[PDB]
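Structure provided below as structure tokens; questions to follow.
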């Protein structure tokens, strides 16, 4: 119990667990806009895509990718 | 020979905590030393794991302490152990020094041990004061102000000494930052002085509650005093667990949860509970310079103790009047603490002066006179002529 | 007897720095130990007087370092002494360990001394890394990130270990605060390990540059090696004063004066100059887990050293091939540092792999084979049949 | 000092969270938050209590979210550097009614209303002091006391003259659960809520105290047994002495 | 990397403050501050340089006071909590032209102009790099380099493409002392001024270095004498050995 | 007692018995003390309040 106390006192505190999540609005970001945010100490790129960009995404052949992966 | 005797590192562990010849008649009052060692380890380990979350700016000290007590997992355990364990550290140290005065452990050949003990006591008072100022509450700020103005009482030099201590013109951001650095530093000096203390002890061995030699019937350290110290370790942890978990803020002062405000003075500025006899000694003198000199002389008068005990038997065990006046002294020290906790009011000034006089009279007049009378009484009780 | 021999405290000062029997043939390479002690005292005293002005928040670290270099009186002296003295501390420690490898001080009966030396070396690397991350520049932030992701390579457990180290999800305010607390703490562990090092030395005395016994012609410590160490102390302070006052920022990396930005990665992330061979060893392995294991094995392979030196004479003084391959090893270590300072480019990857292999081959293949051949060559050179 | 400067001694009210086993009354904490928000929060900040601490203690998740989204905080600025606001979330703190100290002293006749995050732990007496402070205003001060104008009397404040108004009257708030909201009921509820705000660890502190006191009492009795066991060879040891032959 | 990503190597210009005895040229620091204020300060903060450091270094007391009183800083608020401004004084810092990072990136096509308090100490090459950066823009980039639009070329920047404009032209400022203010003159002046801003201790550092190197060299030679002195009984010691009588 | 020394004779199986006993004791003591501490405070916890709120 003493080892639990003195080691778990060095873990992530309450307030740094409070800011672990961001809750960005889908209705507030426009279509042709990119949003760059600092979340979890890291950059995050956010984009509203068009269906033609979806068709461009899922129709490129996998041999043009060194790590192939489908869009879904 | 054995591996615990032939190895360089394990020979110290052997000759200190395994095969150390202890006198076989020592009671539980010879256990406060191990208890102080355990409580020092508690203070250091909680200090490290709590100083990983502490920011020592003057605008961010109190908020970081509350960040420890609120956001850090089990941080209330750390702070409550730390403050209440400092209170128990001074209580066990007061009991240890009372064991020293009672059984005559200050006498020859243990004067070096007593002097290193007084040095440890001064360094521990310094550590507790610096760490109490690191909280930066109301009592922390104003206690730092009063103690450093007491250092300004020194003639022709003192104001520049105090501007050196403050790092400015009042208790400000450099003062709290250097108090945190010094407060992190001085416990390792206390650990080094404890090792020197153990060396000066080990060159002659412990005393015994009879005041005669103990070279005849020695029993080892291992399993005997190991399990006796384990008994008092578990009792100490039990009482510490009570005052941490069920009533943590009893020993502290509630004004210390007000943030540090340099403009508002409190209604009653009082240190934490154990510095109150020394604060009463200093407050009883109607002068600043003589007050500071008397406050430091109230610790150096423990150094003048082995040269005034003129009793030819060691310790107050088999002496009547010395035992009675010892308990007069102990309850006088408690009365000094309770005078210091009060205001500067009639008749507490006159009682503080009388109590300071009985403190210094015990250390300078009562002990040599009563020891001389007790020596002559022991002689003429059994010698017939 | 004399007072320096009969007193409990002065007997250690006597038996260590006054009447210690030293071999009378030791040259200036047996002076790096006293020089490391002086440089450790320099690091600790500048660390205290510079950590009275340091605030360890992530938003206030770099600004407080610049507050030290600008607003604090003589603060540029403190920081420049501190950083350049850490560089000299590792340079004198590298020369001290090279003295250990060359003259065979690792061999029996001094294996305990060598192992405590390797423990001191690991703790000093840890202290320097933590204090370099306390600056929170560009190199500080990104070096902390790379080293802790290297700790994330550990299978099935490592990600939670790294979230424990960070105190969050990346290098943030709790990371810098706990790095400052640990960085204040670990040098006192280094001081305790130094005292244990001196004990393990003192139970057999120093070696000598011939590799024979020195029990015949001993001269005391006092005035002889006191003034010889005083010579190298003044030379060390002279060179430190040059690199502090005339060219302070030579050994450092100029990217460390950019504030810590988690978004911008630097063009070349490089540690401070002395960790570069170990960084090259780790970068030469094409795997994260094997890279971390190889980086720690590059220090534990110093522990496997007394069991592979099969030479029957102590030290490389009177042996040809061992001396030649020793300087092969030393210039290989310099070449590791210079490979690590470069980019991951052709042909530095292949040269880093060959240089790591020659490092481990010196510690595991070259020393036993060359020592066996040198033994047989010494035998058949003088024995006729 | 006299008893007037020291203030009258607050008595021993029998709270539902005294004693070494009783916890907080969380329904009373919920009602104390309601009385806080509708009475105190016009003039008292609560700067050290985040919104996330109320989730699972006195309110649910959506209740705390829909109470925090009524307030505006400082967002990071937009792509032109203009300062903008945002609605609150769970990670923010409970905002004060006053933007700085000088607005507080302007709106309250010079007196600064203290932040109530730690006010039951920063007064002697504590819970009893806060309750007796709220329910202690006389209808008129005792005969012979000249109050400075703009100040009020109750004997529990040190000095007698307080700059607070009597702000607990009969049924000024309505409770969600239908409890009769008299003055003493609301004062008991806010004092329990402020005890929660100063000591959010109180429940877990008492149960870990129960575990620790049980384990250490058992260890203390077991260690007494083992000390009496391993010293049994030394307590019962006996010495006889026949004095030796004096010729040697 | 190629030489293009690494950037061209800035050469060794013979500054008036290289060498272990030469100090700064304080007239050049004064003129460098003038070129800073009239060219750089539209787009570069100087956040770590207080006004009081210029008193007695590059300007007098009243000059720094009348340059600091042209700017507005945040005063403590008034008796109603309203935020108010005040003119500057000696204890404040040199303000940046941009209130936050996003206004900087908005006004400079996304690129953030770095704070120039430590920029000569945070680049390899230092003074030579800053001078070659300012005076290194070609009239047109070399053939085959497709610049991204809105960016500029000079070979000294790592990568070749910089987002700065060439902002040192012939005689855009006037000097107080009548020095001909060409591009290279202004670049030399601002590079000396930025060397002062990164290293304000430089003068006192070199004179204390002179004192310390003299005293430690004298101590080192004196200690060599005392070591050769106290070892003279041991260097000259001699041993003869007549082998003993073998009967014993 | 009895003749069983397969628990006390060898120190390996003895310290393994002590560790297995503590491993069971942590779980059992924690669950029992949480159940008692919630049974003693019936009606005061947030579980009871959330079950009371419709």
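So that you can tell them apart, the chains are marked A, B, C, D, E and F in the order they are listed, and the count of residues begins at 1 in each.
The working rule: a contact is a pair of C-beta atoms (placed from the backbone, for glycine too) under 8 Å apart; a residue touches a chain by one contact, two chains touch by 3 or more.
Remark: among chain pairs A-C and A-D, A-C carries the greater number of C-beta contacts. Distances between chain centres, each the mean of the C-alpha atoms, put E farthest from chain F.
Once the centre of each chain is set as its mean CA position, chain D and chain F turn out to be 32 Å apart. In terms of their C-alpha centroids, the spacing between chain A and chain E amounts to 40 Å. None of the residues of chain E touches two or more other chains. For chain C, the set of residues that touch two or more other chains comprises 174, 178.
Multi-chain contact residues, meaning those touching two or more other chains, occur in chain A at positions 10-11, 13-16. On the side of chain D, the complex with chain B involves touching residues 1, 20, 48, 53, 114, 118, 121-124, 126, 158, 200-201, 205-206, 208-209, 212-213, 216-217, 219-220, 223-224, 226-227, 230-231, 234. Here chain B touches chain D in the complex through residues 24, 63, 66, 69-70, 76-77, 219, 223-224, 227-228, 230-231, 234-235, 237-238, 241-242, 244-246, 248-249, 254-255, 257-258, 267, 343, 345, going by the rule given at the top. If you check the complex, the residues on chain B that touch chain C are 8-9, 48, 51-57, 60, 112, 167, 174, 177-178, 181-182, 184-185, 188, 196, 199-200, 203. Of all residues in chain A, only 1, 14-15, 18-19, 23 touch chain D in the complex they form. Per the touch definition, chain A reaches chain C in the complex via residues 7, 10-13, 16, 20, 38, 40-43.
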